[PDB]
Amino acid sequence: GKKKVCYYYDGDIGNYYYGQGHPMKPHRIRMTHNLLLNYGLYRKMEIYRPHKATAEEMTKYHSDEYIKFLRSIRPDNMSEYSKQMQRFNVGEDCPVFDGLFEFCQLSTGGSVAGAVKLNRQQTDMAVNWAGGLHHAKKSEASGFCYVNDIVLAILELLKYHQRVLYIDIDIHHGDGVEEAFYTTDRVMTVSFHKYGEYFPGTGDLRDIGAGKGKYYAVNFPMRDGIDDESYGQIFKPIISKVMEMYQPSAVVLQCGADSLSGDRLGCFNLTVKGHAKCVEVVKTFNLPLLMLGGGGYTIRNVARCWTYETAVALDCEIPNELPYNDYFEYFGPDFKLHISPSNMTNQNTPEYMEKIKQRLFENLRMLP
Amino acid sequence: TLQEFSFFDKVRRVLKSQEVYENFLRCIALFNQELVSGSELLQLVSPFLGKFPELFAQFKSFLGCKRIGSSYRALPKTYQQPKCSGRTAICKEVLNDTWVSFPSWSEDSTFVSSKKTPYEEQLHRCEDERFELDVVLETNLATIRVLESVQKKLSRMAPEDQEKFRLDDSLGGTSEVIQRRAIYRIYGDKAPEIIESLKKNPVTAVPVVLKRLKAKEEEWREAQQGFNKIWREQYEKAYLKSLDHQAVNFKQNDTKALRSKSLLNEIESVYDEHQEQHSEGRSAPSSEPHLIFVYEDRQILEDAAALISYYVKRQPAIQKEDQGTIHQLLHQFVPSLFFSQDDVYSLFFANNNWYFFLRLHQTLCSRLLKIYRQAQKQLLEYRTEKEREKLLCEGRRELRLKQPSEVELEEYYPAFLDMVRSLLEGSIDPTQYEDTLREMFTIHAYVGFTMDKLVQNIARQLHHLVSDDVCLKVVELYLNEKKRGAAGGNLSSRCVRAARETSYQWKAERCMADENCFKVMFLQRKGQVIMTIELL
Amino acid sequence: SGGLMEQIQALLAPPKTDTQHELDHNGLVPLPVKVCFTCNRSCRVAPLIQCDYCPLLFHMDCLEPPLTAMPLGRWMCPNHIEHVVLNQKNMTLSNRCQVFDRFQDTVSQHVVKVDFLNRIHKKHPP
Ligand SMILES: O=C(CCCCCCC(=O)Nc1ccccc1)NO
Ligand SMILES: [Ca+2]
Ligand SMILES: [Ca+2]
Ligand SMILES: [Zn+2]
Ligand SMILES: [Zn+2]
Ligand SMILES: [Zn+2]
């Protein structure tokens with residue numbers, strides 16, 4: 001039925017500048033919000049301003065030294081932290097820009113507030129598109145991410161929920177979140193990703209966990225050019241089996257949009273409808289769900305995808321015609337909500353997918 | 001006994017090599033030294049004999065720091081784990097502490113240049129160009145709003161208190177960086193003096209900063225309007241070409257893939273694979289065809305015949321008698337072979353040229369069917385989308401371009417045929433033809449990019465199919481044998497006429513004893529025609 | 001090659017007043033052919049990877065579990081013995097190599113290996 005979905009947005013998130021020519025652009029969130037305003041989706045949704053997360057809420061997973069470095073480093077004093085900058089992997093790939101700590105605070109606070117809201121049972125759906133940074137490690141920055149807010153949100157969720165299930169449909173492997181919970185059975189991480197000469201270079205079929213957390217981490221490696229039909233054919237049965245064996249109490253869904261066709265860094269061939277089919281499938285199971293952002297580097301497609309999933313979570317149907325908005329010219333020349341795929345070859349043959357699915361099923365049957 | 005000798009004989013025969021066989025011997029010898037248990041022995045021998053159930057059953061009867069995964073390494077035990085201040089009980093009991101996973105790669109970055117057509121790079125560049133200007137503009141506008149709000153607050157209080165009002169480094173906003181960033185961008189090196197003036201004496205300094213910011217905002221807005229005008233008709237020129245990932249590869253790949261030698265190799269390789277399988281003695285019946293293709297519509301057949309006739313009728317080097325002969329071959333004999341004039345089959349014995357012609361004709365028919373199906377799908381999707389979007393309350397459930405009418409959507413396919421005819425005549429340029437096809441069929445248009453050449457190829461085959469006595473003798477032999485009914489007939493009567501069919505094949509062997517002989521079976525089923533070709 | 005970036009960055013600038021198993025060159029299945037060990041098919045259906053220890057060609061999908069990407073280095077086919085040696089991962093590669101070379105000088109040994117096979121084969125031990 002129709003339920004309540006808390007929405008977290010801070011007006012200042014769109015202004016933070018990663019640098020010239022850097023693929024990561026917070027501006028996308030702003031455009032997404034703008035689209036939500038011009039479809040009239042603010043009336044059926046509750047919008048909150050996320051509180052900034054103190055360093056004390058970040059040091060629950062990150063070391064105090066790394067957080068102190070993040071809070072201290074500025075573009076005008078890069079000379080006095082060079083060694084530290086080498087140590088914490090802050091530099092070329094993850095640059096130091098103006099107000100990066102405030103960006104991390106807002107992104108983390110949105111997801112932490114959503115997790116607290118879900119714990120208090122004031123809602124069964126919280127959305128934070130500023131979140132979804134899953135590559136950050138305990139004491140280092142990786143993959144354009146500085147603070148791992150997914151781990152902090154799950155740590156907040158664990159205070160009331162015995163089992164938390166995390167699902168990752170970003171094209172990259174969520175190594176930070178999987179590594180944070182590699183040896184525990186209270187969190188199982190499902191990741192669908194491209195594998196083979198690709199960042200971060202982890203997430204093999206045989207990475208199934210360690211110690212007490214064995215068989216509680218599943219990875220589906222893929223090839224170039226997966227499309228909507230294959231993704232739908234292999235996502236629904238695997239998630240159904242995971243939910244029937246694991247029986248979780250809360251779900252955290254990472255909705256990274258770099259797995260769509262035409263992405264500046266991705267290789268897949270999904271569309272907005274096929275991407276949001278996963279949201280529909282997850283929502284079918286009626287669990288406290290926390291939807292997060294993530295990757296996505298073709299800015300217009302990110303806006304389209306995230307506004308469509310926000311509409312889907314509200315059980316609202318929106319027209320295929322884009323309404324007039326502040327960033328309308330981004331969406332030319334068609335000005336449609338849905339996107340068309342390319343005709344790139346799908347290298348994932350049916351036998352490959354069947355074999356990987358069978359291996360995953362046999363791995364899942366071993367849970368107690 | 002001799003059973004063990006026979007077993008070893010068949011295994012070294014089936015392994016087809018000495019090195020793999022010797023690896024098997026190394027396995028069994030390592031077992032013989034009592035280092036291998038029986039179950040472990042069979043689990044090691046399973047790779048060698050996993051595809052021969054008989055051999056596997058016979059062998060079973062005869063018998064009667066640490067690292068995990070692939071990318072996780074154990075942390076040192078004597079390693080000073082970085083202390084954390086917020087660790088609660090769940091933090092200690094849940095968080096991983098012993099494995100660290102090292103990225104198993106070094107390549108810095110390649111994005112996806114492998115699959116990013118130059119037309120997707122222009123779109124990316126235009127996007128980043130838009131984003132830079134937009135982010136600067138919106139930072140300026142947010143700072144303008146913040147200063148307007150603080151000025152409105154200031155104007156409402158007592159004049160003896162205004163000189164006592166001050167601002168911090170957030171400058172009235174919720175961020176300590178953004179407003180200073182905007183002021184720095186506006187004022188260059190003089191930014192710190194203006195910032196100190198704003199913090200110390202807001203009353204006199206706010207309006208002048210607001211005026212400067214507003215003037216810069218207006219100038220940047222008009223510049224952005226001009227840049228928006230320029231950025232358009234680059235998206236228009238790049239969008240449809242960015243989604244078509246195969247045209248550049250497809251043109252050359254298809255211009256090669258249709259040569260006679262390539263078609264011959266495509267079946268010679270399959271014949272060699274089947275011959276090797278027969279040599280190894282694997283369980284495969286010796287009656288399956290090497291290649292199988294499907295024709296799913298007769299209308300596509302007469303459309304293709306009409307296209308080929310249209311091209312051939314405008315040929316200067318083909319004489320009127322040859323035009324008539326090709327007409328009889330194309331509109332009479334070929335439909336008879338496909339039985340246009342269940343479980344009813346036709347048998348045909350052909351040389352190289354007829355095999356080439358059949359391959360090319362099947363390719364053309366399949367492509368025409370693909371285009372037709374795409375047009376039908378487009379029309380259906382448009383009608384369904386119209387019906388769906390008509391019934392939409394949108395948010396109540398708590399310029400642009402004019403899409404074509406339905407009539408154009410259903411007339412796309414005849415328009416496509418007219419376009420193919422125009423291209424064949426040479427009245428339309430290949431570039432305009434390709435652009436119209438792309439705008440008509442989006443990402444499935446490339447299927448028709450090299451049609452004319454294909455038709456040309458087919459034409460040549462037809463012409464040669466008249467000039468070579470072997471081909472006319474082949475068709476005459478088929479007709480003479482069909483007059484007896486041995487070549488092709490009902491499926492059940494096969495065993496009734498099988499010996500007679502053998503005679504036909506015999507004659508084929510004595511008519512093309514220096515040339516490849518092809519057995520072609522046309523099987524009709526549920527409105528489709530399956531053409532199965534096997535090389536003798 | 002006219003890009004708008006220079007004009008935008010100037011307009012926004014601060015006032016700083018301071019071998020054999022592969023397709024031929026034209027693209028053709030080489031003849032005679034070598035086939036996959038699992039399906040007995042050539043490179044036409046899919047590219048073949050060649051084991052560098054034994055002359056066994058394989059398909060990326062015909063393996064179990066299938067390979068996701070091309071192996072960049074030296075790859076080991078699943079039809080060798082060093083896999084059971086890999087069960088114990090503590091020992092280094094030099095000892096493994098010396099153990100293998102302990103049987104690399106009398107490679108035929110056909111009489112003695114059939115003899116050991118029948119010697120073990122007796123149901124009642126001697
Ligand atoms: O989307 C991501 C992060 C992808 C990180 C890819 C790192 C390599 C890279 O492309 N770096 C880069 C490129 C241009 C400019 C600066 C850094 N995770 O989900
Ligand atoms: Ca993923
Ligand atoms: Ca786990
Ligand atoms: Zn990603
Ligand atoms: Zn194979
Ligand atoms: Zn090998």
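Residues numbered from 1 in each chain as written, not as in the entry; some residues may be left out. Chains lettered and ligands numbered in written order. Heavy atoms only, no water. Residues with missing side-chain atoms left out of burial classes, pairs and counts.

Structure determination for the deposited model, as stated in its record, used cryo-EM, and the stated resolution is 2.8 Å.

K.L.:
Please provide a residue-by-residue account of the overall build of chain C, values included.
P.N.:
On a plain count of helices and strands, chain C comes out with four helices and two strands. For chain C, the succession of helices and strands along the chain, N to C, is α-β-β-α-α-α. Its C-alpha radius of gyration of 28 Å places chain C more than 25% over the 14 Å reference for a compact globule of 126 residues. Seen through its C-alpha atoms, chain C measures out along the principal axes to roughly 100 × 45 × 25 Å. Taking all 126 residues of chain C together, 30% fall into the buried category. Accessible area of chain C: about 8500 Å², with a carbon and sulfur share of 57%. One way to put it: in chain C the 12 positive side-chain charges average out to a point 15 Å from where the 11 negative ones average out. (Helix = DSSP H or I, 4+ residues; strand = E, 2+ residues; numbered from the N terminus. Rg over C-alpha atoms; globule rule 2.2 N^0.38 Å. Buried < 20%, exposed > 50% of the residue type's maximum accessible area, 1.4 Å probe, protein only. Areas by Shrake-Rupley, 256 points an atom, 1.4 Å probe, with all protein chains shown as cover. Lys, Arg positive; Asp, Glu negative; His and termini not counted. Charge placed at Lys NZ, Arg CZ, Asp CG, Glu CD.)

K.L.:
Could you give an account of the coordination of the zinc ion (ligand 6), naming the residues involved and the relevant values?
P.N.:
Residues and elements named next belong to chain C. The coordination sphere of the zinc ion (ligand 6) contains the protein donors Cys51 (SG), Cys54 (SG), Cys77 (SG) and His80 (NE2), at a distance range of 2.1 to 2.3 Å. Around the zinc ion (ligand 6), the four donor atoms sit at angles spanning 84 to 124 degrees, and that spread fits a shape best called irregular. When the donor residues of the zinc ion (ligand 6) are listed from N- to C-terminus, their spacing reads C-x2-C-x22-C-x2-H. Placement of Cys54 in the loop between β1 (48-50) and β2 (57-59) and of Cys77 in the loop between β2 and α2 (82-85) is noted, with a sequence separation of 23 residues between them. Residue classification places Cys54 among the buried residues on the basis of a relative accessible area of 3%. (Donors = N, O, S within 2.8 Å, 3.2 Å for Na, K, Ca; no water. Tetrahedral: all angles 85-135°; square planar, octahedral: opposite > 155°, others 65-115°.)

K.L.:
Break down the coordination of the calcium ion (ligand 2) for me, with residues and values.
P.N.:
Residue and element names in this part refer to chain A. Bound to the calcium ion (ligand 2) on the protein side are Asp168 (OD), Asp170 (O), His172 (O), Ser191 (OG) and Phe192 (O), at distances that span 2.3 to 3.1 Å. Of note, the donors binding the calcium ion (ligand 2) are all from one chain and are spaced D-x1-D-x1-H-x18-S-F. Of this pair, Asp168 sits in strand β4 (residues 164-168) while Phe192 is found in strand β5 (residues 187-194), placing the two residues 24 residues apart along the sequence. Both residues of the pair, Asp168 and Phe192, belong to the buried class.

K.L.:
Explain the sheet that holds strand β8 (residues 289-292) of chain A to me, using residue names and the numbers behind them.
P.N.:
All names here are of chain A. What the eight strands build is an open sheet, ordered β2-β1-β3-β8-β7-β4-β5-β6; its pairing is parallel. The sheet is open, and its two borders are formed by β2 (46-48) and β6 (217-222), each paired with just one other strand. With strand direction ignored, the average angle separating the axes of adjacent strands in the sheet is 15 degrees. Where β4 and β5 come together, five bridges link them in parallel fashion. (Pairing = 2+ DSSP bridges. Axes fitted to C-alpha atoms, helices over the stretch in contact; angles between N-to-C directions.)

K.L.:
Give a description of the UniProt feature "active site" in chain A that names residues and reports values.
P.N.:
Residue and element names in this part refer to chain A. The sites that carry the UniProt feature "active site" are, in the present numbering, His135. Turning to its location among the elements, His135 is positioned in the loop between β3 (125-128) and α6 (149-157). Of the residues examined, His135 reaches a relative accessible area of 5% and is grouped as buried. Excluding anything up to four places from it in sequence, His135 contacts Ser142, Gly143, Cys145, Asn148, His172, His173, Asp175, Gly176, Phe199 and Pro200. Of note is the side chain of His135, whose polar atom sits 3.2 Å from the side chain of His134. (UniProt positions renumbered as here; feature names shortened; annotations may be inferred. Contact = heavy atoms within 4.5 Å. Polar contact = N/O pair within 3.5 Å; in protein donor to acceptor, adjacent residues only side chain to side chain.)

K.L.:
Tell me about the sheet that holds strand β5 (residues 344-350) of chain B, residues and numbers included.
P.N.:
All names here are of chain B. With antiparallel pairing, five strands are arranged side by side in an open sheet as β4-β8-β7-β5-β6. The strands lining the two open edges of the sheet, one partner per strand, are β4 (291-295) and β6 (489-490). Where helix α16 (residues 352-390) meets the sheet, its contacts fall on β4, β5, β7 (518-525) and β8 (528-535), and the angle it forms with β4 comes to roughly 45 degrees. This element, helix α21 (residues 494-511), spans β5, β6 and β7 of the sheet and lies at about 15 degrees to β5.

K.L.:
Give a detailed account of the packing of helix α13 (residues 260-280) of chain B against α16 of chain B, specifying residues and quantitative values.
P.N.:
Residue and element names in this part refer to chain B. Two elements in contact, α13 and α16, have axes separated by 10 Å at closest approach and are oriented at 95 degrees. It follows that α13 is roughly perpendicular to α16 by the angle criterion. Contacts between α13 and α16 involve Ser260, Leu263, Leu264, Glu266 and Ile267 from the first element and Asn352, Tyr355, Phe356 and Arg359 from the second. (Parallel < 35°, antiparallel > 145°, perpendicular 65-115°, else oblique.)

K.L.:
So what about the site of ligand 1? Which residues, and what values?
P.N.:
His22, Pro23, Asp93, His134, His135, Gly143, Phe144, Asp170, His172, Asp258 and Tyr297 of chain A together with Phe111 of chain B make up every residue found near ligand 1. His172 of chain A places a polar side-chain atom, nitrogen or oxygen, 3.4 Å from an oxygen atom of ligand 1. The contact in question runs from an oxygen atom of ligand 1 to an N or O atom on the side chain of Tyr297 of chain A, over 2.3 Å. Contact with the protein chains removes 86% of the 500 Å² of surface that ligand 1 exposes when unbound. (Near = heavy atom within 4 Å.)

K.L.:
Give me the lowdown on the interface of chain B and chain C, citing residues and values where you can.
P.N.:
Residue-level contacts link 53 residues of chain B with 49 residues of chain C. Note on chain B versus chain C: buried area summed over both sides is about 4400 Å², and carbon and sulfur give 61% of it. Counting the contacts that link chain B with chain C gives one salt bridge. Note that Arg44 of chain C and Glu273 of chain B form a salt bridge whose closest N and O atoms lie 2.7 Å from each other. Scanning the region where chain B abuts chain C turns up 11 residue pairs in polar contact. Broken down by secondary-structure element, the contributors of at least two residues to the side of chain B that touches chain C are α1 (2-15), α2 (19-35), α3 (38-45), α6 (118-154), α8 (178-187), α10 (202-231) and α13 of chain B. If you tally residues by element for the side of chain B that touches chain C, the top one is α2 of chain B, at 12 residues. Split by residue class, the side of chain B that touches chain C holds 22 nonpolar, nine polar and 22 charged. (Buried area = accessible area lost by both parts, 1.4 Å probe. Salt bridge = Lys/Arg side-chain N within 4 Å of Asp/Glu carboxyl O. Nonpolar A, V, L, I, M, F, W, Y, C, P; charged D, E, K, R; others polar.)

K.L.:
Account for the packing of aromatic side chains, naming residues and giving values.
P.N.:
Throughout the structure, instances matching the rule amount to 49 aromatic pairs over all chains. For the pair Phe338 of chain B and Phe522 of chain B, a centre-to-centre distance of 4.7 Å together with 55 degrees between the ring planes defines the contact as tilted. Neither residue differs from the other here; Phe338 of chain B and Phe522 of chain B are each classed as buried. Lying over the aromatic face of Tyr42 of chain A, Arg43 of chain A brings its terminal NZ or CZ to 5.5 Å of the ring centre. Here the guanidinium or amino end of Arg421 of chain B rests over the ring plane of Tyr310 of chain B, the centre of that ring lying 5.9 Å away. (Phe/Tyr/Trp six-rings, centres within 6.5 Å; stacked < 30°, edge-to-face > 60°. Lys NZ or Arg CZ within 6 Å of the ring centre and 35° of its normal.)

K.L.:
How would you explain the interface of chain B and chain A if you had to name every residue and give the values?
P.N.:
Contacts between chain B and chain A engage 70 residues on the former and 83 residues on the latter. No other element matches the 13 residues that α6 of chain B contributes to the side of chain B that touches chain A. Of the residues belonging to the side of chain B that touches chain A, the class tally is 28 nonpolar, 17 polar and 25 charged.

K.L.:
Help me get a handle on the UniProt feature "binding site: Ca(2+) 1" in chain A, residues and values and all.
P.N.:
All names here are of chain A. If you check UniProt for "binding site: Ca(2+) 1", the listed places come out as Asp168, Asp170, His172, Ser191 and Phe192 in our numbering. The greatest C-alpha distance among the annotated residues, which extend across 25 residues, is 8.7 Å, indicating that they converge on a single site. A polar contact is formed between the side chain of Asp168 and the side chain of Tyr166, at a distance of 2.6 Å. Apart from the residues lying within four places of it in its own chain, the contact partners of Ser191 are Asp168, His172, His173, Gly174, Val218, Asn219 and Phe220. A polar contact is formed between the side chain of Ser191 and the side chain of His193, at a distance of 3.1 Å.

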